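Visitor: One structure, pasted below without further comment.
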Amino acid sequence: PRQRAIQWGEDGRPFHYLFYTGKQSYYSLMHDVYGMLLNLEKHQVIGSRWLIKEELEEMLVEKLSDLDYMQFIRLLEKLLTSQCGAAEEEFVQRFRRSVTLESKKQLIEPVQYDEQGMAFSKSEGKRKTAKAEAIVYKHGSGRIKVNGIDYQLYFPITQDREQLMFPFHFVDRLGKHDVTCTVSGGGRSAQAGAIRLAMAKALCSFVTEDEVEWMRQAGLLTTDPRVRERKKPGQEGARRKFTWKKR
Amino acid sequence: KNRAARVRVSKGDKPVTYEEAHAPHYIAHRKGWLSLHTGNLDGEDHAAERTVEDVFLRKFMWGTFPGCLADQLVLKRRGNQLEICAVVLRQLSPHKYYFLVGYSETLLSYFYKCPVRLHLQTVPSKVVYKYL
Amino acid sequence: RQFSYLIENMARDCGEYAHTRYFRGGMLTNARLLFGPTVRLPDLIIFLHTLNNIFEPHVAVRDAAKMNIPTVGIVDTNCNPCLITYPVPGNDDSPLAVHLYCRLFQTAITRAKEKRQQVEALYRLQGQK
Amino acid sequence: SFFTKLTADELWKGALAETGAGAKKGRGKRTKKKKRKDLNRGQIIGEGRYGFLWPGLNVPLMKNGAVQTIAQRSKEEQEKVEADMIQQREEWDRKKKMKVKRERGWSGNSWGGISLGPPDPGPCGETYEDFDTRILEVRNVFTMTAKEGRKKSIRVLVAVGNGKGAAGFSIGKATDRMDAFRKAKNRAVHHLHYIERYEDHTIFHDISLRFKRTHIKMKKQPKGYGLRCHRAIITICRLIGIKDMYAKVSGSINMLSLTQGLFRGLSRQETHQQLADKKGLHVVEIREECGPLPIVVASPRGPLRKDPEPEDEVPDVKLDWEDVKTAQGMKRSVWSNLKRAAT
Amino acid sequence: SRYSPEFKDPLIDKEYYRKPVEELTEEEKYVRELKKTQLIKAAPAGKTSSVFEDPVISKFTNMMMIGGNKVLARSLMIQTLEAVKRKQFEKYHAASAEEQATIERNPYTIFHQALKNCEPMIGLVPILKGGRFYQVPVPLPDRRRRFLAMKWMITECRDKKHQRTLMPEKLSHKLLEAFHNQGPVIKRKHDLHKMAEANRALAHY
Amino acid sequence: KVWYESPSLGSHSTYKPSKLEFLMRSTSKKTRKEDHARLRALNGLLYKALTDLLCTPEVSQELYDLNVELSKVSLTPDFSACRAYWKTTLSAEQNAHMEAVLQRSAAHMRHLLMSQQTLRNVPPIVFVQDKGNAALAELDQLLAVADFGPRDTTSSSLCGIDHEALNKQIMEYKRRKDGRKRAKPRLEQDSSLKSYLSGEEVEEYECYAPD
RNA sequence: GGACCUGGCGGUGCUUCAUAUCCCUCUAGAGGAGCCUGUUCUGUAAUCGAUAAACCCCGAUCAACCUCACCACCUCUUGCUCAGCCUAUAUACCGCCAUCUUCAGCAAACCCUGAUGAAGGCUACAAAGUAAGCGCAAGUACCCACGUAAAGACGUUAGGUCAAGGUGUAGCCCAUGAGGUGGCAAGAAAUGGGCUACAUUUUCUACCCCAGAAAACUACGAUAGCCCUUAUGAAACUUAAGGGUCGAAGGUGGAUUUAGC
Ligand SMILES: [K+]
Ligand SMILES: [K+]
Ligand SMILES: [K+]
Ligand SMILES: [K+]
Ligand SMILES: [K+]
Ligand SMILES: [K+]
Ligand SMILES: [K+]
Ligand SMILES: [Mg+2]
Ligand SMILES: [Mg+2]
Ligand SMILES: [Mg+2]
Ligand SMILES: [Mg+2]
Ligand SMILES: [Mg+2]
Ligand SMILES: [Mg+2]
Ligand SMILES: [Mg+2]
Ligand SMILES: [Mg+2]
Ligand SMILES: [Mg+2]
Ligand SMILES: [Mg+2]
Ligand SMILES: [Mg+2]
Ligand SMILES: [Mg+2]
Ligand SMILES: [Mg+2]
Ligand SMILES: [Mg+2]
Ligand SMILES: [Mg+2]
Ligand SMILES: [Mg+2]
Ligand SMILES: [Mg+2]
Ligand SMILES: [Mg+2]
Ligand SMILES: [Mg+2]
Ligand SMILES: [Mg+2]
C-alpha cells in the first residue's frame with residue numbers, strides 16, 4: 001500500500017505550511033482552488049463525471065470526510081460556472097474521470113446463405129430452463145416449424161402461438177418469413193418464450209435500425225432473467241414461511 | 001450467533017494464524033483444504049476410511065511432535081503415497097527432528113501399509129496473520 | 001474566514017505555518033497520536049483572531065497554555081487576553097487592521113531569519129581565518 | 001476411546017470455566033478456583049514409564065565415538081527417575097509458593113498508601129524514575145446500562161511526586177483495576193504542581209482553606225515535628241518532600257476534595273522572598289532557640305522602603321477557636337497528642 | 001425482483017413508434033432519445049401487440065385464475081364471450097326490426113359496459129372509535145372502483161347458490177343482467193352506495 | 001433566563017435556515033434541545049406574515065375580498081417547502097373561487113414575502129386546503145351523483161367459560177370413575193489486593209553447527 | 001433525610017415511522033369435518049430432553065427386535081478398556097446454537113470538558129474529539145452490478161443441550177456398573193402443525209389442452225375401519241405397497257389467526 005512520506009526533516013520542521021492542519025494535502029488544494037476563483041473576479045457532462053471520494057482520497061493520499069468531499073466538489077462546480085480559461089481547465093480535468101456508457105444498440109446477426117442461396121439469419125433465446133435456436137429466412141410465406149412440427153400443432157395453446165406472432169406482428173411482417181426453430185427444456189410457455197426471443201433476435205437482421213430499436217423498447221430483445229428461486233431450509237418454499245405456531 | 005471454528009474478537013492481543021482467522025464459510029473462498037484426496041469426488045469410494053486415517057494422523061503428529069507444530073498439518077495423497085507436510089518450530093535440536101521423522105515415517109508406513117513421507121518446514125515462530 | 005486565504009499566504013511567504021481551518025480536538029494536547037511520537041509542536045502560536053465563529057475563545061488558546069507554548073494574539077475589546085502571553089489590543093475585524101498585522105509579523109519574521117543567516121555566515125568566515 | 005480425546009487447550013478452557021454467564025457478570029465467586037497448569041512443562045520428549053533409552057531422542061546418539069543401541073533402565077534405575085521427577089514437581093511448586101510479599105497500605109485490605117512504582121517511560125525516551133506513585137483511593141463504581149444492567153468499573157485516585165517539591169495527582173477509570181492504575185499514574189505526571197517548601201522541610205506559613213465542603217488547616221512546624229496529618233496528607237507530603245507539618249481536616253472527608261484541596265492550598269503559599277519583594281522590607285526570623293538574634297531570611301531585590309510598616313495596635317485577623325482553645329488549656333481530647341509511629 | 005432498478009418497463013404500442021417525428025414535441029423528443037440509453041425489461045408472455053388485445057379482459061381472466069391455471073381461466077373467459085354473443089344473436093333474430101336496432105351483439109361492449117355498471121363510486125372503511133367499530137364513507141380511486149366491479153362479478157359466480165351450472169353460463173347470464181342495470185352484483189353496488197348515505201354523519205372522521 | 005431554557009453555548013451563532021445548509025450538514029448530527037425552538041418560532045413568524053397580507057387590501061383586491069383565514073402554517077425542516085392551511089367554506093362553489101385566486105396569488109405572495117429581507121429566502125409556499133373537511137364536501141359531490149337504485153353459537157362464551165367442554169371433561173372422568181438472600185453489590189468481597197500483597201510471580205548468540 | 005446521575009417504567013408528550021408491514025387494502029390458508037403427526041393430560045410395572053415470542057413431524061435426514069437410555073425377572077463382579085456410570089449439577093464448562101438480527105453498533109489506547117463529583121465529549125459558513133480492531137460494508141457462491149444465499153460483532157434471555165462427544169465439582173463401585181429374556185408406549189379427552197376433502201375452474205377415461213361420460217343416499221368424499229395378498233425381515237393383528245369390501249363426517253368453517261412484493 002502506498003505510504004505517505006515523512007512530513008518533517010531532521011530539525012523537526014514540517015515541510016508544508018499547512019502541516020498542523022492534519023490535512024495539508026486537502027487544504028492545500030482548497031487553498032489553490034479558492035485562490036483561482038479570486039483571480040478570475042479580478043480579471044472579470046454526458047461523457048465526464050466527478051471523481052468519487054475514494055479516488056480523491058488517493059490523489060491526496062489522505063483520509064477525507066464525506067462533507068470534505070462535498071465542499072471540494074461544490075468549489076469546483078463554482079469554478080466551471082465562471083469564465084475559466086485554459087489554465088483553469090487543465091486543473092478541473094485532473095479531477096474529472098471519463099464515464100464509459102455501454103451502447104444499448106442491439107447486435108445484428110450476420111446474414112448467411114444456404115446451399116440454395118436463400119438468405120437467412122440465426123440466433124438463440126433462453127426462457128427459464130427452455131433454450132431455443134431459430135433460423136429466420138429473409139423470404140418466405142409465414143411458415144414456422146418447431147422441431148419439425150407445424151407451430152400450431154406443436155403449440156396447441158393459443159397463448160403460446162400469440163407469443164410467436166408478437167415479434168413479426170410488431171414490425172408488420174406476418175406472412176413474409178419462413179422459420180425453422182428447435183427448442184428443448186422447460187414447459188410449453190417457457191419454450192414459446194424462448195422461441196419468441198430467438199426469432200426476434202434473428203429477425204433484427206432483416207429490419208431497419210430504427211425498427212430494431214423499437215423492438216428493444218418493446219421488450220422483444222431482452223432475455224427474461226426471472227428464473228425459479230431456490231427453496232431455503234427452515235421454510236416451506238422460496239419465500240413462504242412455515243406457520244407461526246399458535247401461542 | 002454462529003460459533004463453529006470462529007476465533008472471537010478480543011482486546012487485540014491474541015495472535016491468530018491465517019487458517020484460524022477464517023471461519024468455515026471462507027473454505028474454498030479464502031482458505032483451502034488441509035487434506036487432499038479422491039475419496040470425496042463423485043463416484044469415488046473409501047471416503048470413510050480416508051477420514052478416520054486423517055483424524056488419527058493429526059493426533060499422532062500432535063503428540064509425536066509435542067509443542068513443535070506451528071500450524072495445522074497438510075495431508076496429501078497421490079496414488080498410495082501419503083505425504084505429511086508440517087510447519088514446525090526451531091526449538092528442538094535437529095537430531096531430535098531427524099529421529100522423529102525416521103521414527104514416524106516408518107511407524108506410519110507399517111500401520112497403514114503404504115509409503116509415508118513427512119516433510120518438515122521450520123519457522124522461527126508461529127506466523128501471525130492478525131491480532132484479534 | 002474573511003482572512004483565511006490572506007493568512008495562509010502570509011505564512012507560506014514568511015516560511016511559517018498557518019492553521020485557519022476547523023481546529024480538531026487534540027491537535028496540540030494529543031499531537032503525538034495524531035502526527036506521530038516524533039512530531040515537533042510549534043514554539044510560538046500567533047493568533048490574528050482569538051475568538052472562534054461562535055464568539056468563544058479559540059480552543060488553541062487554552063491548549064497552547066496546556067502545552068507551554070507562548071502565544072501572541074490580537075485581542076479586540078470583546079476578547080479574553082488572560083492566557084495570551086503577548087497580547088496586542090487592536091482591531092481584528094477591519095481588513096486594513098488585519099492586513100497591517102500580517103505585514104508586520106511577516107516582515108519581523110523575514111528580517112529575523114535573514115539576520116540569523118548573516119550572523120552565522122560571518123561567524124563561519126571569521127572562524128576559518 | 002482414542003478418538004474422543006481432546007487437546008490440552010480444549011480441556012483447560014472447559015475445566016476452568018472462564019467464559020460463561022458465571023464469568024460474564026461475576027455471578028460466580030472463586031474462593032476455590034481451578035488454576036491452569038502446564039503439564040508439558042517438565043516433560044522430556046522420549047521419556048516414558050518403561051524407561052527406554054532411545055538414541056538421539058532422550059540420550060546422546062553417539063557414546064565413545066560409536067552409535068548407542070536401544071536400552072532400558074533397570075527397575076531400580078527407573079524408580080529413581082520417577083522419584084526425581086516427583087521431587088522436581090514439588091520443588092517447582094515450592095518455588096512458585098515462595099512469592100515476595102508486598103507491604104500493606106493504610107490497612108491490610110486497603111489500597112490507599114500502596115506504591116505503584118515510577119510512571120512508565122514516555123514514547124520519546126522519557127523516563128520518570130525519580131517519581132514515586134502512591135494510591136489514595138480505589139473505588140468500585142457501578143453504572144446501570146440500557147441492555148447490560150449494573151456494570152462494574154474502577155475509579156482510582158493516585159498521587160505522584162519526586163520528593164523535591166514536584167507532585168501531582170490524577171484520576172484513573174477503567175474496567176480493570178490495573179488499567180486504572182496505569183492511566184492515573186501516567187496522567188498525573190503530566191499535571192505536576194510545584195510546591196514551595198521552607199528550608200525544604202515544611203510549608204512557609206499556616207494554610208487554612210476550604211474546598212467545597214472539605215476544610216484543611218495546615219500549620220508550619222519546626223524540624224523533628226514530623227507529619228501529624230490525615231494519612232492521605234502524610235502520603236502526599238512524602239511525595240512532595242514535606243517532613244514537618246500539622247494538618248487538621250474538618251467537614252466532609254472526601255478523598256478527592258481533600259487531595260485537590262491540599263494541592264490548591266500548597267500551590268498558593270507565599271514564600272518569604274515574595275513577601276519581601278511585595279512589601280520591599282526585610283523578613284527577619286526570630287527563633288527562641290537562637291534567642292534575640294535577628295535572622296534575615298529574605299530581602300527585597302528592588303529598593304528597600306524607608307517607612308516602617310504601620311503597627312496596628314490590634315490586628316483584625318480572624319482566629320480559629322480550636323487554636324485559641326488549645327493555647328488556653330481549655331482543649332480536652334483523649335485523642336489529641338497520642339503516641340504514634342514515626343511518620 | 002431480478003431486474004435492477006435501472007430496468008424500465010417495455011412500451012408495447014405500435015402506434016407510439018410509427019408516429020412521425022414532426023408531430024413530436026420537444027419533451028416527447030427527449031423521452032425517445034433517452035430510452036435508447038435505458039435498459040428495458042423483457043416483454044411478459046401475457047401481453048402482445050395484437051389488435052385483439054384487451055387489457056380489461058386479460059385482468060378479469062387473471063382474477064378468475066386458480067392456482068396458475070391460465071389455460072383453464074382463459075378457456076372460461078372465451079367461453080363466456082362466445083356464450084354472450086350467442087345469447088344476443090338469439091335475441092336479435094327473435095326481435096322486430098325496430099327492437100333489433102337496440103340489441104347489442106358485441107360481447108366486448110357488453111363486457112365493458114356490464115362492469116362499468118357495477119363500479120362503486122364511494123366505499124366504506126371500518127373505523128374504530130371508543131372501543132366500538134363504525135364504518136366511514138370515503139370516495140374510491142379509479143383503480144379501486146374497477147377492481148371491486150370485477151371482484152363482485154367473480155365472487156357472485158362462485159357463490160354456492162348456483163347449483164351445477166358451469167361458469168361460462170353463470171358469468172354470461174350475470175354480465176347480461178348487469179349490462180341492463182339488473183342483478184345481484186348491481187344490488188351490491190346500490191347497497192354499498194346506500195350504506196354510505198346512512199353513514200354521512202360519520203364522514204368527519 | 002426562564003424555565004424555558006436559554007443556556008446554549010452557541011447562543012450567538014447566526015441562525016441559517018436555508019436549503020443549502022441542509023445538504024452541508026453532518027449526517028450524524030441530530031437536532032439539539034433548543035434547535036427545535038427556532039423552527040417552532042420561525043414557523044410562527046411565517047404565520048404572522050401571511051395573515052397580514054390576506055387582510056390588507058394593498059396586496060391584492062381579489063385576495064382582500066375573499067377574507068381568507070389561515071388555519072395553520074408550519075414550515076418544513078428540510079427548507080424545501082412550506083405548509084400553509086386555510087379554512088374551507090361551506091359552498092363548494094365558493095371554495096373553487098378561493099382556491100383559484102389563492103393558487104395564482106401564492107406566486108406573487110412569495111415575492112411579497114421576499115420583501116421581508118429577514119425572511120427573504122422563503123421556500124415555495126404550499127397552500128394546502130384543510131381544516132374544513134375538504135374530503136367531506138368531496139364525498140357529497142359524489143353522493144348526489146351516485147346511483148342508489150330503486151328506493152324501497154353457544155351461551156357459554158357469553159358466560160365467559162366453556163361450560164360444555166368442561167361438562168364433557170368431568171363426565172369423561174366420571175366414565176372412568178364408574179425467597180433467598182441477595183448480597184449488596186457494593187459489599188461483594190474481592191481478593192485482588194490479597195493476591196497483590198501476597199505477591200505476583202508468574203515467572204542470544206546463534207551459530208552454524210553449534211555445540 | 002437533602003440534591004443530583006443512571007437505569008427501568010409511565011392507562012408518558014411531540015414528530016417521523018414500519019413494505020408482506022402495526023391497522024385497512026391484495027391472494028391463498030389455519031380456526032369447523034375425517035385422517036396423519038407432535039405435545040399436554042390421563043393411563044401404564046415401564047425413559048429422557050425441548051416446552052411465551054425463541055417448545056409442540058422439536059433432538060429423530062425417524063422407536064416391530066435392535067436402536068434403548070425405560071419396566072419386570074434372572075445372571076456376572078479387576079468387569080470391551082492401566083475399568084465402568086445416559087448418576088446429580090447446562091446456575092461450573094468446552095463444543096454447537098436459539099433470540100433480538102427483517103439490527104448497526106462494540107471498543108482497546110489516548111485526548112479534552114465538568115473546580116480533576118457520579119458523568120460528558122455534536123453543530124461542515126463546524127463549537128474537542130482522534131481512534132487500531134471487530135461487525136456492517138466490500139468481496140465471494142448461485143443465472144448479472146439485481147435477487148437469493150452466505151455473513152451478521154458486542155451484548156441481551158445464568159436461553160437450549162452434562163442424553164453428540166469431552167469435561168470441572170459431588171456421588172455409585174456385589175452396583176446408580178455390565179449382560180440376558182420378555183415387555184411398555186394406550187386414549188376419557190384437550191390442543192398444535194400437516195394431509196385429504198367438502199365438488200362443476202368439478203369427478204372418471206382417452207389425451208397431455210379442439211374429446212366422450214359422470215354429476216346428490218349407487219354423486220363428490222378416507223391415505224380411516226374391516227378382509228386378503230405381496231415386499232423387507234429370523235420375527236409384521238402391528239411396517240409399507242396393492243386389491244376387495246365399506247361409502248362415514250364433511251355442504252367452504254364464530255371470536256381469532258398464519259404466510260406471501
Ligand atoms: K429515564
Ligand atoms: K379451515
Ligand atoms: K452455553
Ligand atoms: K455433555
Ligand atoms: K459432568
Ligand atoms: K446396571
Ligand atoms: K391443521
Ligand atoms: Mg407454494
Ligand atoms: Mg442462524
Ligand atoms: Mg473584533
Ligand atoms: Mg488483615
Ligand atoms: Mg381442524
Ligand atoms: Mg415426552
Ligand atoms: Mg422438562
Ligand atoms: Mg432444561
Ligand atoms: Mg422460553
Ligand atoms: Mg425396544
Ligand atoms: Mg445406566
Ligand atoms: Mg445457559
Ligand atoms: Mg449483490
Ligand atoms: Mg441466512
Ligand atoms: Mg456482509
Ligand atoms: Mg437455565
Ligand atoms: Mg429388550
Ligand atoms: Mg382403504
Ligand atoms: Mg415372509
Ligand atoms: Mg362413490
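Following the order of the C-alpha cells, first chain is A, next is B, and so on, with residues numbered from 1 inside each chain and ligands from 1 in the order they appear.
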Which residues are near residue 79 of chain B? Cut-off 10 Å, only C-alpha atoms (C1' of nucleotides), ignore same chain within fewer than 5 positions. Put them as a PyMOL selection string.

Guide: chain B and resi 37-38+114

Visitor: To check your reading of the model: which residues sit at most 9 Å from ligand 8 when counting only C-alpha atoms (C1' of nucleotides) and all ligand atoms? Write the answer as a list in words.

Guide: residues 236, 237, 238, 239 and 240 of chain A

Visitor: Would you write out, as CSV, a table of all residues in chain F that have an atom no more than 10 Å from an atom of chain E, listing for each the closest atom pair and the distance in Å to one decimal, considering only C-alpha atoms and ordering rows by chain and rising residue number?

Guide:
residue,atom,partner,partner_atom,distance
F:132,CA,E:204,CA,9.7
F:133,CA,E:204,CA,6.8
F:134,CA,E:204,CA,9.8
F:135,CA,E:138,CA,8.1
F:136,CA,E:203,CA,6.2
F:137,CA,E:203,CA,9.6
F:138,CA,E:139,CA,7.8
F:139,CA,E:139,CA,5.9
F:140,CA,E:200,CA,8.4
F:141,CA,E:139,CA,9.7
F:142,CA,E:121,CA,7.0
F:143,CA,E:197,CA,7.1
F:144,CA,E:197,CA,9.4
F:145,CA,E:121,CA,8.8
F:146,CA,E:121,CA,6.4
F:147,CA,E:190,CA,6.6
F:148,CA,E:190,CA,4.7
F:149,CA,E:190,CA,5.7
F:150,CA,E:190,CA,8.7
F:151,CA,E:194,CA,9.4

Visitor: With 8 Å as the limit and counting only C-alpha atoms, what residues in chain D lie close to chain B? Please list them as a count of residues only.

Guide: 4

Visitor: Skip residue 80 of chain F itself and residues of its chain fewer than 5 positions away, then list as JSON, numbers by chain all residues within 10 Å of it, counting only C-alpha atoms (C1' of nucleotides).

Guide: {"F": [18, 19, 20, 22, 75, 122, 123, 124, 125]}

Visitor: Take the selection from the previous step and output its residues with C-alpha atoms, as a PDB file, in the first residue's frame.

Guide:
ATOM      1  CA  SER F  18     -31.633  27.688   4.098  1.00  0.00           C
ATOM      2  CA  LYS F  19     -31.823  24.823   1.624  1.00  0.00           C
ATOM      3  CA  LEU F  20     -28.052  24.793   1.092  1.00  0.00           C
ATOM      4  CA  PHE F  22     -29.205  21.090   4.965  1.00  0.00           C
ATOM      5  CA  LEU F  75     -42.722  25.242   7.532  1.00  0.00           C
ATOM      6  CA  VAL F 122     -38.786  31.659   1.608  1.00  0.00           C
ATOM      7  CA  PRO F 123     -39.292  28.188   0.094  1.00  0.00           C
ATOM      8  CA  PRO F 124     -42.229  27.876  -2.309  1.00  0.00           C
ATOM      9  CA  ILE F 125     -45.399  28.037  -0.230  1.00  0.00           C
TER      10      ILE F 125
END

Visitor: List all protein, DNA and RNA residues that have any atom at most 9 Å from ligand 26, counting only C-alpha atoms (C1' of nucleotides) and all ligand atoms, and write the list as a PyMOL selection string.

Guide: chain G and resi 231-233+236

Visitor: Go ahead and dump the residues you just picked, N, CA, C and O atoms (P, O5', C5', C4', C3', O3' and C1' of nucleotides), as a PDB file, in the first residue's frame.

Guide:
ATOM      1  P     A G 231     -43.387 -61.623  -1.948  1.00  0.00           P
ATOM      2  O5'   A G 231     -42.811 -60.185  -1.592  1.00  0.00           O
ATOM      3  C5'   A G 231     -42.400 -59.290  -2.614  1.00  0.00           C
ATOM      4  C4'   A G 231     -41.858 -58.012  -2.030  1.00  0.00           C
ATOM      5  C3'   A G 231     -40.826 -58.183  -0.930  1.00  0.00           C
ATOM      6  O3'   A G 231     -39.529 -58.434  -1.437  1.00  0.00           O
ATOM      7  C1'   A G 231     -42.442 -56.595  -0.257  1.00  0.00           C
ATOM      8  P     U G 232     -38.536 -59.424  -0.659  1.00  0.00           P
ATOM      9  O5'   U G 232     -38.112 -58.591   0.626  1.00  0.00           O
ATOM     10  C5'   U G 232     -37.435 -57.351   0.489  1.00  0.00           C
ATOM     11  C4'   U G 232     -37.223 -56.688   1.824  1.00  0.00           C
ATOM     12  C3'   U G 232     -36.725 -57.586   2.942  1.00  0.00           C
ATOM     13  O3'   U G 232     -35.329 -57.817   2.878  1.00  0.00           O
ATOM     14  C1'   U G 232     -38.496 -56.235   3.735  1.00  0.00           C
ATOM     15  P     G G 233     -34.745 -59.302   3.046  1.00  0.00           P
ATOM     16  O5'   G G 233     -34.883 -59.591   4.604  1.00  0.00           O
ATOM     17  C5'   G G 233     -34.268 -58.737   5.556  1.00  0.00           C
ATOM     18  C4'   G G 233     -34.913 -58.863   6.912  1.00  0.00           C
ATOM     19  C3'   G G 233     -35.036 -60.270   7.467  1.00  0.00           C
ATOM     20  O3'   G G 233     -33.827 -60.778   8.001  1.00  0.00           O
ATOM     21  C1'   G G 233     -37.083 -59.154   7.745  1.00  0.00           C
ATOM     22  P     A G 236     -43.865 -62.791  10.981  1.00  0.00           P
ATOM     23  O5'   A G 236     -43.928 -61.231  11.290  1.00  0.00           O
ATOM     24  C5'   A G 236     -44.415 -60.747  12.537  1.00  0.00           C
ATOM     25  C4'   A G 236     -45.467 -59.683  12.345  1.00  0.00           C
ATOM     26  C3'   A G 236     -46.491 -59.984  11.255  1.00  0.00           C
ATOM     27  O3'   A G 236     -47.788 -59.529  11.646  1.00  0.00           O
ATOM     28  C1'   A G 236     -45.337 -57.978  10.732  1.00  0.00           C
TER      29        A G 236
END

Visitor: Please compute the atom CA of residue 167 of chain A-atom CA of residue 181 of chain A distance, one decimal, in Å.

Guide: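 Atom CA of residue 181 of chain A lies at a distance of 14.5 Å from atom CA of residue 167 of chain A.
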
Visitor: Show me which bits of chain G are within 7 Å of chain D, counting only C-alpha atoms (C1' of nucleotides), as JSON, numbers by chain.

Guide: {"G": [6, 7, 92, 93, 94, 116, 155, 156, 158, 165, 166, 167, 168]}

Visitor: Could you list, as a VMD selection string, all the residues within 7 Å of ligand 17, counting only C-alpha atoms (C1' of nucleotides) and all ligand atoms?

Guide: chain G and resid 63 65 68

Visitor: Set the distance at 8 Å and use only C-alpha atoms (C1' of nucleotides): which residues neighbour residue 4 of chain B once local chain neighbours fewer than 6 positions away are removed? I'd like the list as a list in words.

Guide: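 So the residues in contact are residues 23 and 24 of chain B; 96 of chain G.
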
Visitor: Output the selection as a PDB file, in the first residue's frame - N, CA, C and O atoms (P, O5', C5', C4', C3', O3' and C1' of nucleotides) for each residue.

Guide:
ATOM      1  N   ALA B  23     -13.404 -18.206   9.194  1.00  0.00           N
ATOM      2  CA  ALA B  23     -14.496 -19.070   9.601  1.00  0.00           C
ATOM      3  C   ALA B  23     -14.810 -20.076   8.494  1.00  0.00           C
ATOM      4  O   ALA B  23     -14.238 -20.018   7.404  1.00  0.00           O
ATOM      5  N   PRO B  24     -15.719 -21.022   8.749  1.00  0.00           N
ATOM      6  CA  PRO B  24     -15.972 -22.079   7.755  1.00  0.00           C
ATOM      7  C   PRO B  24     -16.496 -21.578   6.422  1.00  0.00           C
ATOM      8  O   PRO B  24     -16.205 -22.194   5.390  1.00  0.00           O
TER       9      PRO B  24
ATOM     10  P     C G  96     -17.527 -24.889  18.084  1.00  0.00           P
ATOM     11  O5'   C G  96     -19.055 -25.116  17.708  1.00  0.00           O
ATOM     12  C5'   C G  96     -19.450 -26.256  16.967  1.00  0.00           C
ATOM     13  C4'   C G  96     -20.932 -26.503  17.066  1.00  0.00           C
ATOM     14  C3'   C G  96     -21.825 -25.319  16.758  1.00  0.00           C
ATOM     15  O3'   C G  96     -21.950 -25.065  15.370  1.00  0.00           O
ATOM     16  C1'   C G  96     -22.610 -26.417  18.699  1.00  0.00           C
TER      17        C G  96
END

Visitor: Which parts of segment 5-202 of chain A does DSSP call alpha helix (DSSP H) when run on the backbone here, written out as a PyMOL selection string?

Guide: chain A and resi 24-43+53-59+66-80+87-94+151-154+158-170+188-202

Visitor: Per DSSP on the backbone, filter segment 57-189 of chain D down to the residues in strand (DSSP E or B) and report them as a PyMOL selection string.

Guide: chain D and resi 59+62-63+66-67+71-72+115+122+126+132-145+149-161+166-174

Visitor: Can you work out which residues are within 9 Å of ligand 14, considering only C-alpha atoms (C1' of nucleotides) and all ligand atoms, and then hand them over as a ChimeraX atom specification?

Guide: /G:48-51

Visitor: Rank A:5, A:149, A:107, A:87 by their smallest atom-to-atom distance to residue 222 of chain A, using only C-alpha atoms, and report the top residue only.

Guide: A:107

Visitor: Which one is closest to chain E: G:219, G:164, G:237, G:145? Count only C-alpha atoms (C1' of nucleotides).

Guide: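 Residue with the minimum atom-to-atom distance to chain E: G:145.
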
Visitor: Can you list, as a PyMOL selection string, every protein, DNA or RNA residue that comes within 6 Å of segment 61-71 of chain C when you count only C-alpha atoms (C1' of nucleotides), leaving out same-chain residues fewer than 5 positions away?

Guide: chain C and resi 43-46+84-85

Visitor: Could you list, as a list in words, the residues of chain G having an atom within 8 Å of chain B when counting only C-alpha atoms (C1' of nucleotides)?

Guide: residues 96, 97, 108, 133, 134, 140 and 150 of chain G
